[PDB]
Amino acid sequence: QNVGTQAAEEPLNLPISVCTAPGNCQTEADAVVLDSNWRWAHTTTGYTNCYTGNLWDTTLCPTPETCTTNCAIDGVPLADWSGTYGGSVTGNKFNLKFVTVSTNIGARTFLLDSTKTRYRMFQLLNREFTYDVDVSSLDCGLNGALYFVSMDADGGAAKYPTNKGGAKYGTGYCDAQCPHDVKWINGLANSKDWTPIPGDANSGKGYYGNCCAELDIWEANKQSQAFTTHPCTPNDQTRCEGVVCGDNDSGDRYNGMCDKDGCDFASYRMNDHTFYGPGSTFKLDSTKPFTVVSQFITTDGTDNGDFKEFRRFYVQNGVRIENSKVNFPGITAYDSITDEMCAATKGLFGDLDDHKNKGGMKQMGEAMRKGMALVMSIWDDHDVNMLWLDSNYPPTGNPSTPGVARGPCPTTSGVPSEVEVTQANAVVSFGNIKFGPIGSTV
């Protein structure tokens, strides 16, 4: 995309901590940038929309190349962050409102480095990543997500010279779902064969998808939470078409370059329904804030080893809370993501181990070694109504069959039109982000 001249781009300042030992950290003066999908797209030498509602203008965008020549994405000024997009920062806390009323629904954002010209790339192997979260106002159907993806640090600017904005304009998004709803891919409008998504007034799908590796630290609302590894072959940003995208709609979910299911550790799905929930007698009380700690263990305990284990623990009101465990007869009580856990649990659930097909923890680790961009988002799910996270999936499945039940939400929950009314004022908060060696962040 070209860059427009109507509004300066002003990312929100967000300090994080880089740590060397427990309680010995230094501030890193980073910032938050809005994903290019949420930006106004208009004519390069005017005010005329190139995209309105869920459609590209066919006169301006008869082809992707012409669209890209004629159109530009514009900046987010400071005033518009809260007023238009529902984003705000107080000290080291970042807040994202779900619906902001001209009416904005959801948000996806990235962490910029201290220069505000590149994404802050995290080399996560043999490191610990930690943050405080509040998901108390997110119920069934919503997801306040924090995760990493194998985006380029410059959003693709060096690879795709028609991308003028780079990381500064939140470009280059890709993930392990190979999404077609990304409006700008490889420096070009994804306007070919663009199709609105029914019941989604703001979104559509273009000819291409954009694939890359994804490490989900946090997919969650107050009812259920998960962390998940998604390797791809290769891991780096890859525009896809046809079978390579692994499109759900053509029966290709397991035929593409990315592991779409991922290998998940989701406490409720692993059959501990009392670990996490909205109340003081759950082990971890989702009505109150808490700290989420993630440790990425290698084979030799060094930065050069292969990724072998994703460990997790929590801190809430000064109380250390170890992760829940897998709880099925004849299955080891795993409390972390490893290749063995993935094989054993997917075996039990009858899920295809595409994680293993894509190179497993080792391949996931190669993405983490090269460095990944931090994503913070809030969203509802127009495909599957978040049932995969917090309900029975498939909805018609027996909840006593291992793998089906992922949370207590009813199978009628999560319809975007309903959650966008009922949960309009939901806000996820991510704060006090800390990064360092294992054992350094609490």
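Numbering starts at 1 and runs along the sequence shown.
Counting the unmodelled positions of the deposited sequence between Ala158 and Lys159 gives zero. Legend: mean Cα B-factor per stretch from the PDB entry, 433-441 versus 4-12; the higher mean is in 4-12. 199-207 and 338-346 differ in mean CA B-factor, and the higher of the two is recorded for 199-207. Note on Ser377, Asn37, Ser391, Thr45: the highest value goes to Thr45, judged by CA B factor as recorded. You'll see in the entry that, of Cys67, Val33, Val384, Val404, the Cα B factor peaks at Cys67. Ranked by C-alpha B-factor against the other modelled residues of its chain, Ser191 falls in the middle third.
The entry lists a Cα temperature factor for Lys116 that places it in the highest third of the chain's modelled residues. Per the deposited record, the Cα B-factor of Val428 falls in the lowest third when ranked against the other modelled residues of its chain. Annotation for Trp218: C-alpha temperature factor in the lowest third relative to the rest of the modelled chain, per the entry. Split the chain's modelled residues into thirds by C-alpha temperature factor. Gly365 is in the lowest one.
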